[PDB]
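**Student:** Before I ask anything, here's the sequence and the deposited coordinates:
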Amino acid sequence: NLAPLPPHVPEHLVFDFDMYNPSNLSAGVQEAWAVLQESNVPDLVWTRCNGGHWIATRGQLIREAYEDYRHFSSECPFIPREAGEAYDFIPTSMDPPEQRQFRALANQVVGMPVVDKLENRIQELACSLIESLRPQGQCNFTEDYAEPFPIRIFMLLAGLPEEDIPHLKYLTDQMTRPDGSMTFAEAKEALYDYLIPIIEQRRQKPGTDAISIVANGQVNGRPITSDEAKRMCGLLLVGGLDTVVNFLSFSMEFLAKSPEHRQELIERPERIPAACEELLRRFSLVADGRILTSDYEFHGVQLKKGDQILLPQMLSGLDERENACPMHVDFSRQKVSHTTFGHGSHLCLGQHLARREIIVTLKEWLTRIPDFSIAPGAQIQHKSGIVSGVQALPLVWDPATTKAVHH
Ligand code: HEM
Ligand SMILES: CN1CCC[C@H]1c1cccnc1
């Protein structure tokens, strides 16, 4: 339940929001979080849920905090406090100047250059999966495409066997949406337990895979340590297994419910890139933050050192003061504003890989199965957390309206 209110917190700023189980969850997870943006709610509130933590509710506040790493440190970036204290992935748990040097190395395995070179394989995997489903006329998109497409692309790049997916997927989820069987520390260590033997074997006999590059990598001329590689590889695992997988579900759900917007893409393919950006805004899904490094007065609110402050990357784009008709999906929006991939020194290094994956999915799915919808009488349940997702997305379509395309 609720944590006792700290001495310095004003009772008029208390809004008991629960990020792992928001009250208005059945209306759609993004809709649940938007309640923090209704007229009466202040720009910065305090929830007593999950141990108690501040919550910036507007883009202006969120963007500001992410830029000011001096007052807002990534050292303890997650809610609750035990999860953030135990979290030490690189570069996410570091602030500049220390974190900068590690980004370049990560870019060596997921940056635009590597992505450009993966295009052929990515499109090839997307098409096989889709054509594999096209004749059945149904599928549960979460397990049939959303998880396999991105995860297999990563497992491949990482030189990790596909049979290890179920185990790894489970562990990453305990970090973003814990079912209660594991603490944050336990899941993290279980992941490290998996990676350690591999980072050691890749440093003895390195291959060309992602982990080999990282384990034998150099940051600012000096060679990376075994511990650092572990912490960096753990972050890459989470990105390939619980980011795009969740996003594709939100996107296909919307498309399933809006024959209008899909038709807009089928008829005018060139706008798919722009459509992707708008879908990333409307269905943003990440929510992490920072921890106060000192007593600081922020927008009239007294914050004390050690206070945690959630800065939901998902809210900036939904903020009416940033986009005129927030909950409306308009592919022709002239200035699609958002912070879906973060803001500041920690801007997502995988976003380029993310976009190609989203764009390839839209182009290769719409080209084969243009007509489809939500299964008969199914009510789509969303899941909330550090990274929100879709519990299940069963779809259906008439095989006769589909077309077998050749890649
Ligand atoms: C649609 C999918 C994705 C979303 C929305 C997303 C979101 C984010 C966000 C918001 C951050 C910054 C968080 C913070 O400020 O603490 C971030 C960091 C990062 N992301 Fe992603 N990401 C996505 C996919 C990926 C993928 C697929 C990978 C790689 C396989 C990845 C790798 C990274 C890395 C390495 C960082 C750390 C950068 C740093 O610490 O400076 N992300 N991502
Ligand atoms: C805060 N991050 C942004 C993308 C993934 C997310 C995250 C979630 C769990 C563990 N590490 C990172």
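**Tutor:** Ah, there it is. Residues are numbered from 1 along each chain as shown. Ligands and ions are numbered 1, 2, ... in the order given.
**Student:** what does stretch 138-153 rub up against?
**Tutor:** Applying C-beta atoms under 8 Å, 6 or more residues apart in numbering, the external contacts of stretch 138-153 come out as 118, 121-122, 125-126, 129-130, 133, 162, 165, 169, 240-241, 243-246, 248-249, 252, 357, 361, 375, 390-397. Using the backbone N, CA and C atoms, a C-beta is placed for each residue, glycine as well.
**Student:** buried subset of the residues you listed?
**Tutor:** Neighbour counting with 16 or more other C-beta atoms under 10 Å marks 118, 122, 125-126, 129-130, 133, 165, 240-241, 243-246, 248-249, 252, 357, 361, 390, 393-395, 397 as buried within the contacts of stretch 138-153.
**Student:** Filtering the contacts of stretch 138-153 by proximity to ligand 1, which remain?
**Tutor:** On the criterion C-beta under 6 Å from any ligand atom, 240, 243, 244 are the entries of the contacts of stretch 138-153 that sit beside ligand 1.
**Student:** Any chance of TSV for the residues you listed, columns secondary structure?
**Tutor:** TSV is the format used below for these (DSSP: H, G, I helix; E, B strand; the rest coil):
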residue	secondary structure
240	helix
243	coil
244	helix
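**Student:** how about the residues you listed in TSV, adding distance to ligand 2?
**Tutor:** Formatted as TSV, those follow (distance: C-beta to the nearest ligand atom, whole Å):
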residue	distance to ligand 2
240	10
243	5
244	10
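**Student:** out of these, which one sits closest to residue 345?
**Tutor:** Within those, proximity to residue 345 (C-beta to C-beta) peaks at residue 243, which comes in at 19.0 Å.
**Student:** give the contact list for the closest one.
**Tutor:** With contacts defined as C-beta under 8 Å, 6+ apart, residue 243 is in contact with 150, 285, 286, 350, 354, 387.
**Student:** ok, now with 10 Å
**Tutor:** Applying C-beta atoms under 10 Å, 6 or more residues apart in numbering, we find residue 243 in contact with 150, 172, 176, 285-286, 341, 348, 350-351, 353-354, 357, 387, 389.
**Student:** can you list these in JSON lines and add distance to residue 1 and secondary structure?
**Tutor:** Converted to JSON lines, the contacts of residue 243 look like this (distance: C-beta to C-beta, whole Å; DSSP: H, G, I helix; E, B strand; the rest coil):
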{"residue": "150", "distance to residue 1": "36", "secondary structure": "helix"}
{"residue": "172", "distance to residue 1": "28", "secondary structure": "helix"}
{"residue": "176", "distance to residue 1": "22", "secondary structure": "helix"}
{"residue": "285", "distance to residue 1": "26", "secondary structure": "coil"}
{"residue": "286", "distance to residue 1": "26", "secondary structure": "strand"}
{"residue": "341", "distance to residue 1": "34", "secondary structure": "coil"}
{"residue": "348", "distance to residue 1": "34", "secondary structure": "coil"}
{"residue": "350", "distance to residue 1": "36", "secondary structure": "coil"}
{"residue": "351", "distance to residue 1": "37", "secondary structure": "helix"}
{"residue": "353", "distance to residue 1": "40", "secondary structure": "helix"}
{"residue": "354", "distance to residue 1": "37", "secondary structure": "helix"}
{"residue": "357", "distance to residue 1": "40", "secondary structure": "helix"}
{"residue": "387", "distance to residue 1": "24", "secondary structure": "strand"}
{"residue": "389", "distance to residue 1": "25", "secondary structure": "strand"}
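**Student:** Now the buried members of those residues.
**Tutor:** Of the members of those, the ones counted as buried by neighbours, 16+ other C-beta under 10 Å, are 150, 172, 176, 285-286, 341, 348, 350-351, 353-354, 357, 387, 389.
**Student:** Pull up the residues of the stretch 301-407 of the chain that are close to ligand 2.
**Tutor:** The stretch 301-407 of the chain comes close to ligand 2 at residues 386, 387, as judged by C-beta under 6 Å from any ligand atom.
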